[PDB]
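Chemist: One structure is given below, represented as structure tokens, and several questions about it will come after.
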Amino acid sequence: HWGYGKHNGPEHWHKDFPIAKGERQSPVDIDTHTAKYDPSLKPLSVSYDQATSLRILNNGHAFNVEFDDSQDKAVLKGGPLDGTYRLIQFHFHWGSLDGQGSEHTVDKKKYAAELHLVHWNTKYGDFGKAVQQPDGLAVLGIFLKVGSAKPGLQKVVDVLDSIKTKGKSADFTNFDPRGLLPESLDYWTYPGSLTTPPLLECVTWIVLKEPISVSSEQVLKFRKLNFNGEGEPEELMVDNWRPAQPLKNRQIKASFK
Ligand SMILES: [Zn+2]
């Protein structure tokens with residue numbers, strides 16, 4: 001099945017998921033000189049004070065930190081969005097080396113990693129229904145650069161040993177995702193897709209301009225994860241990013257001047 005090798009990676013996904021060659025695929029390169037400032041965009045409202053993390057899971061493609069999404073406890077609103085979007089999970093994409101790993105690029109610059117906070121539109125009742133709608137999801141994307149450590153990331157780093165291989169999970173309560181945000185909420189936005197199969201064209205992307213800094217040591221621990229299951233040949237979980245896709249008939253809008 002699909003993955004990030006030579007024989008099963010992004011360049012193959014279209015055979016099982018023809019929407020891979022669609023009109024609104026993600027990620028994309030953000031050309032900062034052609035993204036236009038839209039004064040009509042609102043500030044983003046990120047309301048994470050009541051968030052309830054539950055568990056962390058290695059799904060064979062990344063690890064997901066999962067939240068209780070059974071009520072409006074951690075929600076994203078404002079920005080480009082109409083209505084209320086509930087946080088369900090976050091995950092990352094990263095590289096084998098610090099020079100690649102992000103999905104989105106900025107003027108063709110690749111960051112070491114990219115964080116995706118995934119939220120679904122409450123008007124559709126559940127995640128599975130939301131992903132069938134063009135405005136079903138809102139994903140907040142945050143770039144990671146290597147420099148100083150991110151203190152709020154360390155709790156995630158230190159549990160990764162317990163979920164080394166595909167299908168392993170661990171309790172992961174009381175984690176505060178506010179500790180993963182940069183200072184500024186200035187953003188770019190465009191309509192796109194999930195970046196992994198099934199590649200559904202259901203996402204309003206909100207990509208923050210300001211990266212967070214993580215340490216080399218932190219990212220190194222991500223690269224000790226495995227794509228494989230327990231007692232299978234070890235294949236390090238690295239380079240779990242989809243490259244930039246054609247922008248087609250889309251515009252990227254900036255919230256800032
Ligand atoms: Zn992602």
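Residues are named by chain letter and number: chains run A, B, ... in the order of the structure tokens, numbers start at 1 in each chain, and ligands are numbered from 1 in the order shown.
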At a cut-off of 10 Å, using only C-alpha atoms, what residues contact residue A:73? Leave out same-chain residues fewer than 2 positions from it and give the result as number ranges by chain.
Modeler: A: 47-52, 67-71, 75-76, 86-87
Chemist: Dump as a Markdown table the rows for residues of chain A within 10 Å of ligand 1: closest atom pair and distance in Å with one decimal, only C-alpha atoms and all ligand atoms counted, ordered by chain and rising residue number.
Modeler:
```
| residue | atom | partner | partner_atom_place_in_ligand_line | distance |
| --- | --- | --- | --- | --- |
| A:26 | CA | ligand 1 | 1 (Zn) | 9.8 |
| A:27 | CA | ligand 1 | 1 (Zn) | 9.3 |
| A:61 | CA | ligand 1 | 1 (Zn) | 9.7 |
| A:62 | CA | ligand 1 | 1 (Zn) | 8.5 |
| A:64 | CA | ligand 1 | 1 (Zn) | 9.6 |
| A:90 | CA | ligand 1 | 1 (Zn) | 7.9 |
| A:91 | CA | ligand 1 | 1 (Zn) | 6.1 |
| A:92 | CA | ligand 1 | 1 (Zn) | 6.0 |
| A:93 | CA | ligand 1 | 1 (Zn) | 6.3 |
| A:102 | CA | ligand 1 | 1 (Zn) | 9.5 |
| A:103 | CA | ligand 1 | 1 (Zn) | 7.9 |
| A:114 | CA | ligand 1 | 1 (Zn) | 7.7 |
| A:115 | CA | ligand 1 | 1 (Zn) | 7.0 |
| A:116 | CA | ligand 1 | 1 (Zn) | 5.1 |
| A:117 | CA | ligand 1 | 1 (Zn) | 8.0 |
| A:118 | CA | ligand 1 | 1 (Zn) | 8.2 |
| A:139 | CA | ligand 1 | 1 (Zn) | 8.4 |
| A:140 | CA | ligand 1 | 1 (Zn) | 9.6 |
| A:141 | CA | ligand 1 | 1 (Zn) | 8.2 |
| A:194 | CA | ligand 1 | 1 (Zn) | 7.2 |
| A:195 | CA | ligand 1 | 1 (Zn) | 5.9 |
| A:196 | CA | ligand 1 | 1 (Zn) | 7.2 |
| A:240 | CA | ligand 1 | 1 (Zn) | 9.1 |
| A:241 | CA | ligand 1 | 1 (Zn) | 8.0 |
| A:242 | CA | ligand 1 | 1 (Zn) | 9.0 |
```
Chemist: Those residues with N, CA, C and O atoms, as a CSV table (one decimal), in the first residue's frame please?
Modeler:
```csv
chain,number,residue,atom,x,y,z
A,26,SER,N,-2.7,19.6,-2.6
A,26,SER,CA,-1.7,20.1,-1.6
A,26,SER,C,-0.6,19.1,-1.4
A,26,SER,O,-0.8,17.9,-1.6
A,27,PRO,N,0.6,19.6,-0.9
A,27,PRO,CA,0.9,21.0,-0.7
A,27,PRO,C,1.2,21.7,-2.0
A,27,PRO,O,1.2,21.2,-3.1
A,61,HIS,N,2.8,6.1,9.0
A,61,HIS,CA,3.0,7.3,8.1
A,61,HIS,C,3.5,8.5,8.8
A,61,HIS,O,4.1,9.4,8.2
A,62,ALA,N,3.2,8.7,10.0
A,62,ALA,CA,3.5,9.7,11.0
A,62,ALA,C,3.1,9.3,12.4
A,62,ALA,O,2.7,8.1,12.5
A,64,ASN,N,0.2,10.6,15.2
A,64,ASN,CA,-0.9,11.6,15.5
A,64,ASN,C,-1.1,11.8,17.0
A,64,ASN,O,-1.2,10.8,17.7
A,90,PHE,N,-3.2,16.5,15.7
A,90,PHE,CA,-2.1,17.0,15.0
A,90,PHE,C,-1.0,16.0,14.7
A,90,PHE,O,-0.9,14.9,15.4
A,91,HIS,N,-0.2,16.3,13.7
A,91,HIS,CA,0.9,15.4,13.3
A,91,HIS,C,2.0,16.3,12.6
A,91,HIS,O,1.7,17.4,12.3
A,92,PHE,N,3.1,15.7,12.3
A,92,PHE,CA,4.2,16.3,11.6
A,92,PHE,C,4.6,15.6,10.3
A,92,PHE,O,4.3,14.4,10.2
A,93,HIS,N,5.3,16.3,9.5
A,93,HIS,CA,6.0,15.7,8.3
A,93,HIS,C,7.5,16.2,8.5
A,93,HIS,O,7.7,17.4,8.9
A,102,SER,N,9.5,19.8,5.1
A,102,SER,CA,8.2,20.4,4.9
A,102,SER,C,7.5,20.0,3.7
A,102,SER,O,8.1,19.5,2.7
A,103,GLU,N,6.2,20.1,3.7
A,103,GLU,CA,5.3,19.9,2.6
A,103,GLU,C,5.1,21.2,1.7
A,103,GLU,O,5.5,21.2,0.6
A,114,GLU,N,7.1,20.2,9.2
A,114,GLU,CA,5.9,21.0,9.2
A,114,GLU,C,4.9,20.3,10.1
A,114,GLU,O,4.7,19.0,10.0
A,115,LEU,N,4.3,21.0,10.9
A,115,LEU,CA,3.2,20.6,11.8
A,115,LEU,C,1.9,21.0,11.2
A,115,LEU,O,1.6,22.1,10.7
A,116,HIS,N,1.0,20.0,11.2
A,116,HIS,CA,-0.4,20.1,10.8
A,116,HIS,C,-1.4,19.9,11.9
A,116,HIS,O,-1.4,18.8,12.5
A,117,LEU,N,-2.1,20.9,12.3
A,117,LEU,CA,-3.2,20.8,13.3
A,117,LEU,C,-4.5,20.7,12.5
A,117,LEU,O,-4.9,21.7,11.7
A,118,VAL,N,-5.2,19.6,12.6
A,118,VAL,CA,-6.3,19.3,11.7
A,118,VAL,C,-7.6,19.5,12.5
A,118,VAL,O,-7.8,19.0,13.6
A,139,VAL,N,-6.9,23.2,8.1
A,139,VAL,CA,-5.6,22.7,8.6
A,139,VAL,C,-4.7,23.9,8.9
A,139,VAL,O,-4.5,24.7,7.9
A,140,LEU,N,-4.2,24.0,10.1
A,140,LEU,CA,-3.2,25.0,10.4
A,140,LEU,C,-1.8,24.4,10.3
A,140,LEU,O,-1.5,23.4,10.9
A,141,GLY,N,-1.1,25.0,9.4
A,141,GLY,CA,0.3,24.5,9.1
A,141,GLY,C,1.3,25.4,9.6
A,141,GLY,O,1.2,26.6,9.4
A,194,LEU,N,-6.1,17.1,1.5
A,194,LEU,CA,-5.2,16.2,2.3
A,194,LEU,C,-3.9,16.0,1.6
A,194,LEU,O,-4.0,15.9,0.3
A,195,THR,N,-2.8,15.8,2.3
A,195,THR,CA,-1.6,15.6,1.7
A,195,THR,C,-1.2,14.1,1.6
A,195,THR,O,-0.1,13.8,1.2
A,196,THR,N,-2.0,13.3,2.2
A,196,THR,CA,-1.9,11.8,2.2
A,196,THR,C,-3.2,11.3,1.6
A,196,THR,O,-4.2,11.8,1.7
A,240,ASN,N,8.7,11.8,5.2
A,240,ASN,CA,7.2,11.5,5.1
A,240,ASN,C,6.4,12.7,4.6
A,240,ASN,O,5.4,13.0,5.2
A,241,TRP,N,6.9,13.4,3.6
A,241,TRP,CA,6.4,14.6,3.0
A,241,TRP,C,6.1,14.4,1.5
A,241,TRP,O,6.8,13.7,0.8
A,242,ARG,N,4.9,14.9,1.1
A,242,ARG,CA,4.6,15.0,-0.3
A,242,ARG,C,5.2,16.3,-0.9
A,242,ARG,O,5.1,17.3,-0.3
```
Chemist: Quick one: pick out all helix (DSSP H, G or I) residues within stretch 95-179 of chain A from a backbone DSSP run and write them as a VMD selection string.
Modeler: chain A and resid 122 to 124 127 to 130 151 to 163 177 to 179
Chemist: Those same residues, written as a PDB file, in the first residue's frame with N, CA, C and O atoms?
Modeler:
```
ATOM      1  N   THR A 122     -17.841  21.859  12.210  1.00  0.00           N
ATOM      2  CA  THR A 122     -18.883  21.260  13.017  1.00  0.00           C
ATOM      3  C   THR A 122     -20.229  21.196  12.321  1.00  0.00           C
ATOM      4  O   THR A 122     -21.072  20.451  12.788  1.00  0.00           O
ATOM      5  N   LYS A 123     -20.413  21.997  11.277  1.00  0.00           N
ATOM      6  CA  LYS A 123     -21.734  21.907  10.601  1.00  0.00           C
ATOM      7  C   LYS A 123     -21.943  20.546   9.973  1.00  0.00           C
ATOM      8  O   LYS A 123     -23.064  20.279   9.572  1.00  0.00           O
ATOM      9  N   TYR A 124     -20.889  19.718   9.779  1.00  0.00           N
ATOM     10  CA  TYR A 124     -21.063  18.415   9.160  1.00  0.00           C
ATOM     11  C   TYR A 124     -21.096  17.260  10.185  1.00  0.00           C
ATOM     12  O   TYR A 124     -21.186  16.091   9.765  1.00  0.00           O
ATOM     13  N   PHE A 127     -16.087  13.937  11.478  1.00  0.00           N
ATOM     14  CA  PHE A 127     -14.942  14.022  10.571  1.00  0.00           C
ATOM     15  C   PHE A 127     -15.185  13.374   9.236  1.00  0.00           C
ATOM     16  O   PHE A 127     -14.855  13.882   8.197  1.00  0.00           O
ATOM     17  N   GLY A 128     -15.717  12.131   9.312  1.00  0.00           N
ATOM     18  CA  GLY A 128     -15.936  11.401   8.087  1.00  0.00           C
ATOM     19  C   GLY A 128     -16.880  12.062   7.090  1.00  0.00           C
ATOM     20  O   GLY A 128     -16.724  11.953   5.898  1.00  0.00           O
ATOM     21  N   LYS A 129     -17.908  12.743   7.604  1.00  0.00           N
ATOM     22  CA  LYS A 129     -18.781  13.534   6.743  1.00  0.00           C
ATOM     23  C   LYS A 129     -18.089  14.789   6.264  1.00  0.00           C
ATOM     24  O   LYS A 129     -18.253  15.231   5.131  1.00  0.00           O
ATOM     25  N   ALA A 130     -17.311  15.395   7.162  1.00  0.00           N
ATOM     26  CA  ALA A 130     -16.627  16.665   6.782  1.00  0.00           C
ATOM     27  C   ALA A 130     -15.670  16.487   5.624  1.00  0.00           C
ATOM     28  O   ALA A 130     -15.577  17.384   4.789  1.00  0.00           O
ATOM     29  N   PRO A 151      10.415  24.276  23.944  1.00  0.00           N
ATOM     30  CA  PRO A 151      10.092  23.574  25.194  1.00  0.00           C
ATOM     31  C   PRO A 151       8.777  22.827  25.171  1.00  0.00           C
ATOM     32  O   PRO A 151       8.712  21.696  25.680  1.00  0.00           O
ATOM     33  N   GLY A 152       7.767  23.406  24.523  1.00  0.00           N
ATOM     34  CA  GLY A 152       6.512  22.770  24.449  1.00  0.00           C
ATOM     35  C   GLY A 152       6.396  21.524  23.570  1.00  0.00           C
ATOM     36  O   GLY A 152       5.336  20.921  23.567  1.00  0.00           O
ATOM     37  N   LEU A 153       7.459  21.231  22.834  1.00  0.00           N
ATOM     38  CA  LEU A 153       7.505  20.027  22.060  1.00  0.00           C
ATOM     39  C   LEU A 153       8.085  18.852  22.821  1.00  0.00           C
ATOM     40  O   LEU A 153       7.949  17.720  22.404  1.00  0.00           O
ATOM     41  N   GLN A 154       8.814  19.096  23.915  1.00  0.00           N
ATOM     42  CA  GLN A 154       9.630  18.048  24.489  1.00  0.00           C
ATOM     43  C   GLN A 154       8.764  16.908  24.992  1.00  0.00           C
ATOM     44  O   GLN A 154       9.211  15.775  24.935  1.00  0.00           O
ATOM     45  N   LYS A 155       7.580  17.158  25.548  1.00  0.00           N
ATOM     46  CA  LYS A 155       6.700  16.074  26.000  1.00  0.00           C
ATOM     47  C   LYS A 155       6.382  15.085  24.878  1.00  0.00           C
ATOM     48  O   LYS A 155       6.272  13.877  25.093  1.00  0.00           O
ATOM     49  N   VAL A 156       6.221  15.616  23.667  1.00  0.00           N
ATOM     50  CA  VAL A 156       6.001  14.747  22.500  1.00  0.00           C
ATOM     51  C   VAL A 156       7.257  13.967  22.194  1.00  0.00           C
ATOM     52  O   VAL A 156       7.193  12.771  22.086  1.00  0.00           O
ATOM     53  N   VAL A 157       8.412  14.623  22.135  1.00  0.00           N
ATOM     54  CA  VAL A 157       9.632  13.948  21.851  1.00  0.00           C
ATOM     55  C   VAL A 157       9.907  12.812  22.793  1.00  0.00           C
ATOM     56  O   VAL A 157      10.374  11.724  22.393  1.00  0.00           O
ATOM     57  N   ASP A 158       9.696  13.018  24.055  1.00  0.00           N
ATOM     58  CA  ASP A 158      10.101  12.029  24.998  1.00  0.00           C
ATOM     59  C   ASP A 158       9.207  10.825  25.054  1.00  0.00           C
ATOM     60  O   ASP A 158       9.600   9.845  25.718  1.00  0.00           O
ATOM     61  N   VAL A 159       7.989  10.845  24.473  1.00  0.00           N
ATOM     62  CA  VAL A 159       7.113   9.656  24.430  1.00  0.00           C
ATOM     63  C   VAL A 159       7.343   8.797  23.168  1.00  0.00           C
ATOM     64  O   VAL A 159       6.827   7.691  23.020  1.00  0.00           O
ATOM     65  N   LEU A 160       8.147   9.320  22.210  1.00  0.00           N
ATOM     66  CA  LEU A 160       8.291   8.642  20.921  1.00  0.00           C
ATOM     67  C   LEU A 160       8.927   7.252  20.988  1.00  0.00           C
ATOM     68  O   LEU A 160       8.541   6.342  20.237  1.00  0.00           O
ATOM     69  N   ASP A 161       9.768   7.035  21.984  1.00  0.00           N
ATOM     70  CA  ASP A 161      10.337   5.728  22.237  1.00  0.00           C
ATOM     71  C   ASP A 161       9.283   4.672  22.472  1.00  0.00           C
ATOM     72  O   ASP A 161       9.606   3.529  22.274  1.00  0.00           O
ATOM     73  N   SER A 162       8.158   5.057  23.053  1.00  0.00           N
ATOM     74  CA  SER A 162       7.086   4.117  23.371  1.00  0.00           C
ATOM     75  C   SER A 162       6.158   3.775  22.239  1.00  0.00           C
ATOM     76  O   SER A 162       5.333   2.904  22.355  1.00  0.00           O
ATOM     77  N   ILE A 163       6.286   4.509  21.102  1.00  0.00           N
ATOM     78  CA  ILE A 163       5.494   4.281  19.933  1.00  0.00           C
ATOM     79  C   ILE A 163       6.355   4.138  18.700  1.00  0.00           C
ATOM     80  O   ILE A 163       6.060   4.648  17.614  1.00  0.00           O
ATOM     81  N   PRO A 177      -1.495  22.110  23.172  1.00  0.00           N
ATOM     82  CA  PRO A 177      -0.952  22.488  21.849  1.00  0.00           C
ATOM     83  C   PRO A 177      -0.612  23.946  21.687  1.00  0.00           C
ATOM     84  O   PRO A 177       0.054  24.301  20.696  1.00  0.00           O
ATOM     85  N   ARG A 178      -1.016  24.783  22.624  1.00  0.00           N
ATOM     86  CA  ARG A 178      -0.584  26.201  22.540  1.00  0.00           C
ATOM     87  C   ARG A 178       0.886  26.344  22.580  1.00  0.00           C
ATOM     88  O   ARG A 178       1.401  27.346  22.113  1.00  0.00           O
ATOM     89  N   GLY A 179       1.610  25.388  23.206  1.00  0.00           N
ATOM     90  CA  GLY A 179       2.994  25.444  23.250  1.00  0.00           C
ATOM     91  C   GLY A 179       3.745  25.133  21.959  1.00  0.00           C
ATOM     92  O   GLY A 179       4.984  25.157  21.943  1.00  0.00           O
TER      93      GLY A 179
END
```
Chemist: Go through A:16, A:171, A:82, A:135 and flag the residue nearest residue A:54, using only C-alpha atoms for the distances.
Modeler: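 Selected residue with least distance to residue A:54: A:171.
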Chemist: Measuring between only C-alpha atoms, which one of A:98, A:183, A:210, A:31 shows the shortest distance to residue A:113?
Modeler: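 The closest residue to residue A:113 is A:98.
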Chemist: Residues of stretch 58-198 of chain A in strand (DSSP E or B) according to DSSP, as a PyMOL selection string?
Modeler: chain A and resi 58+63-67+75-78+85-94+105-106+109+113-121+137-146+169-171+187-192
Chemist: I need the residue nearest residue A:222 from this list: A:24, A:164, A:14, A:36. Use only C-alpha atoms for the distance.
Modeler: A:164
Chemist: Give me the residues near residue A:250 as a PyMOL selection string, where near means some atom within 12 Å (using only C-alpha atoms) and where sequence neighbours in that chain fewer than 2 positions away do not count.
Modeler: chain A and resi 23-26+28-30+34-36+189-192+245-248+252-253
Chemist: Residues as selected, N, CA, C and O atoms, written as a tab-separated table (two decimals), in the first residue's frame, can you do that?
Modeler:
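Heads up, here's the output in selection.tsv:
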```tsv
chain	number	residue	atom	x	y	z
A	23	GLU	N	-7.44	19.25	-9.30
A	23	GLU	CA	-7.35	20.69	-9.49
A	23	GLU	C	-7.03	21.44	-8.24
A	23	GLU	O	-6.71	22.64	-8.29
A	24	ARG	N	-7.10	20.81	-7.06
A	24	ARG	CA	-6.89	21.51	-5.81
A	24	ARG	C	-6.05	20.65	-4.83
A	24	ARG	O	-6.39	20.52	-3.65
A	25	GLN	N	-4.93	20.18	-5.33
A	25	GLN	CA	-4.05	19.34	-4.50
A	25	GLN	C	-3.06	20.16	-3.71
A	25	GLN	O	-2.65	21.25	-4.05
A	26	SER	N	-2.67	19.58	-2.56
A	26	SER	CA	-1.71	20.13	-1.64
A	26	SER	C	-0.58	19.13	-1.42
A	26	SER	O	-0.75	17.95	-1.57
A	28	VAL	N	1.56	23.04	-1.83
A	28	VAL	CA	1.97	23.91	-2.92
A	28	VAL	C	3.16	24.75	-2.44
A	28	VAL	O	3.42	24.88	-1.24
A	29	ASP	N	3.90	25.29	-3.43
A	29	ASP	CA	4.84	26.34	-3.17
A	29	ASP	C	4.11	27.67	-2.97
A	29	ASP	O	3.22	28.02	-3.75
A	30	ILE	N	4.46	28.37	-1.91
A	30	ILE	CA	3.93	29.69	-1.61
A	30	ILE	C	4.91	30.70	-2.17
A	30	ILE	O	6.02	30.88	-1.64
A	34	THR	N	3.83	36.75	-5.16
A	34	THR	CA	2.57	36.79	-5.84
A	34	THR	C	1.33	36.53	-4.97
A	34	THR	O	0.23	36.82	-5.41
A	35	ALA	N	1.51	36.20	-3.71
A	35	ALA	CA	0.42	36.11	-2.74
A	35	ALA	C	-0.07	37.50	-2.42
A	35	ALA	O	0.68	38.33	-2.13
A	36	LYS	N	-1.30	37.76	-2.64
A	36	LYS	CA	-1.76	39.17	-2.43
A	36	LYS	C	-2.36	39.29	-1.05
A	36	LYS	O	-3.18	38.47	-0.55
A	189	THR	N	-3.39	31.67	3.02
A	189	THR	CA	-4.48	30.72	2.91
A	189	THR	C	-4.80	30.42	1.47
A	189	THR	O	-4.70	31.30	0.57
A	190	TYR	N	-5.21	29.16	1.21
A	190	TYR	CA	-5.65	28.74	-0.09
A	190	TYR	C	-6.47	27.47	0.06
A	190	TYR	O	-6.36	26.77	1.06
A	191	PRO	N	-7.26	27.11	-0.97
A	191	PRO	CA	-8.05	25.86	-0.92
A	191	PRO	C	-7.25	24.69	-1.42
A	191	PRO	O	-6.64	24.79	-2.53
A	192	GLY	N	-7.24	23.60	-0.72
A	192	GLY	CA	-6.50	22.42	-1.15
A	192	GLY	C	-7.02	21.12	-0.63
A	192	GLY	O	-8.23	20.92	-0.51
A	245	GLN	N	2.65	20.50	-5.33
A	245	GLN	CA	1.79	20.17	-6.44
A	245	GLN	C	1.44	21.39	-7.19
A	245	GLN	O	1.53	22.53	-6.70
A	246	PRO	N	0.97	21.26	-8.44
A	246	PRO	CA	0.63	22.42	-9.27
A	246	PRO	C	-0.44	23.31	-8.65
A	246	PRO	O	-1.50	22.80	-8.25
A	247	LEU	N	-0.25	24.62	-8.67
A	247	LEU	CA	-1.21	25.51	-8.11
A	247	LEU	C	-2.48	25.58	-8.93
A	247	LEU	O	-3.58	25.81	-8.40
A	248	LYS	N	-2.37	25.44	-10.24
A	248	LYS	CA	-3.59	25.42	-11.10
A	248	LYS	C	-4.34	26.76	-10.94
A	248	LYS	O	-3.70	27.79	-10.85
A	252	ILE	N	-3.25	32.25	-3.68
A	252	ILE	CA	-2.86	32.24	-2.32
A	252	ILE	C	-2.99	33.67	-1.77
A	252	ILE	O	-2.53	34.62	-2.41
A	253	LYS	N	-3.68	33.82	-0.65
A	253	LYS	CA	-3.96	35.12	-0.06
A	253	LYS	C	-3.18	35.24	1.25
A	253	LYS	O	-3.06	34.30	1.97
```
Chemist: With only C-alpha atoms as the atoms that count, which of A:56, A:137, A:88, A:244 lies nearest to residue A:11?
Modeler: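 The answer is A:244, which sits nearest to residue A:11.
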Chemist: Quick one: of A:132, A:150, A:224, A:21, who's nearest to residue A:236, counting only C-alpha atoms?
Modeler: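 Smallest separation from residue A:236 among the options: A:224.
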Chemist: Write out as JSON, numbers by chain the residues lying within 9 Å of residue A:256, counting only C-alpha atoms and excluding same-chain residues fewer than 2 positions away.
Modeler: {"A": [36, 37, 38, 39, 41, 186, 187, 188, 254]}
Chemist: Suppose you want the space between atom CA of residue A:105 and atom CA of residue A:5; what is it in Å?
Modeler: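 Computing the Euclidean distance for atom CA of residue A:105 and atom CA of residue A:5 yields 20.9 Å.
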Chemist: Neighbouring residues of residue A:197 were defined as those with any atom within 9 Å, considering only C-alpha atoms; residues of the same chain fewer than 4 positions away were excluded. Please report them as a VMD selection string.
Modeler: chain A and resid 2 13 16 to 17 20
Chemist: What would the file look like if the residues just selected were written as a compact mmCIF listing (two decimals), in the first residue's frame with N, CA, C and O atoms?
Modeler:
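Final file, again_12.txt:
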```
# COMPACT_ATOMS: atom_id res chain seq x y z
N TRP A 2 0.30 2.33 0.05
CA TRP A 2 0.99 3.60 -0.21
C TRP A 2 1.94 3.93 0.88
O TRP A 2 1.76 3.56 2.02
N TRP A 13 0.94 7.50 -6.12
CA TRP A 13 -0.34 7.53 -5.46
C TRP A 13 -1.49 7.67 -6.42
O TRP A 13 -2.60 7.17 -6.12
N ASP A 16 -3.88 4.51 -7.37
CA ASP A 16 -4.98 4.17 -6.47
C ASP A 16 -5.91 5.31 -6.10
O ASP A 16 -7.05 5.04 -5.73
N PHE A 17 -5.43 6.56 -6.23
CA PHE A 17 -6.18 7.72 -5.84
C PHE A 17 -6.04 8.74 -6.95
O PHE A 17 -5.19 9.66 -6.90
N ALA A 20 -5.17 12.52 -7.03
CA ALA A 20 -3.81 13.02 -6.88
C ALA A 20 -3.40 13.98 -7.97
O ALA A 20 -2.52 14.80 -7.72
```
Chemist: Rank nothing, just name the residue among A:249, A:226, A:96, A:59 nearest to residue A:111, using only C-alpha atoms.
Modeler: A:96
Chemist: Can you tell me, as a list in words, what residues are no more than 7 Å from residue A:174 when counting only C-alpha atoms, ignoring any on the same chain fewer than 2 positions away?
Modeler: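 Listing them by chain and then by number gives residues 52, 53, 172 and 176 of chain A.
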Chemist: Suppose we keep N, CA, C and O atoms; can you now write the selection as a compact mmCIF listing (two decimals), in the first residue's frame?
Modeler:
```
# COMPACT_ATOMS: atom_id res chain seq x y z
N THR A 52 -8.38 18.82 25.08
CA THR A 52 -8.21 17.58 25.79
C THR A 52 -7.51 16.58 24.92
O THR A 52 -8.12 15.96 24.12
N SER A 53 -6.18 16.48 25.07
CA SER A 53 -5.45 15.45 24.36
C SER A 53 -5.75 14.10 25.01
O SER A 53 -5.99 14.02 26.20
N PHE A 172 -1.75 9.93 26.18
CA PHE A 172 -1.08 11.21 25.99
C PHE A 172 -2.04 12.32 26.39
O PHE A 172 -2.51 13.11 25.59
N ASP A 176 -0.76 20.45 25.99
CA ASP A 176 -1.29 21.75 25.59
C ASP A 176 -0.70 22.16 24.24
O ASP A 176 0.47 22.53 24.14
```
Chemist: Find the residues near residue A:238: any atom within 7 Å, counting only C-alpha atoms, skip ones fewer than 5 places away on the same chain, and give them as a PyMOL selection string.
Modeler: chain A and resi 94-96+223
Chemist: Could you dump the residues just selected with N, CA and C atoms as a JSON list (two decimals), in the first residue's frame?
Modeler:
```
[["chain", "number", "residue", "atom", "x", "y", "z"],
["A", 94, "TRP", "N", 8.48, 15.34, 8.23],
["A", 94, "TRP", "CA", 9.87, 15.72, 8.41],
["A", 94, "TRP", "C", 10.78, 14.97, 7.49],
["A", 95, "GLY", "N", 12.03, 15.42, 7.48],
["A", 95, "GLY", "CA", 13.02, 14.94, 6.57],
["A", 95, "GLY", "C", 14.04, 14.01, 7.18],
["A", 96, "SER", "N", 14.87, 13.44, 6.29],
["A", 96, "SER", "CA", 16.07, 12.70, 6.72],
["A", 96, "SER", "C", 17.20, 13.63, 7.11],
["A", 223, "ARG", "N", 13.34, 11.19, 13.83],
["A", 223, "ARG", "CA", 13.91, 10.33, 12.80],
["A", 223, "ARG", "C", 14.29, 8.95, 13.33]]
```
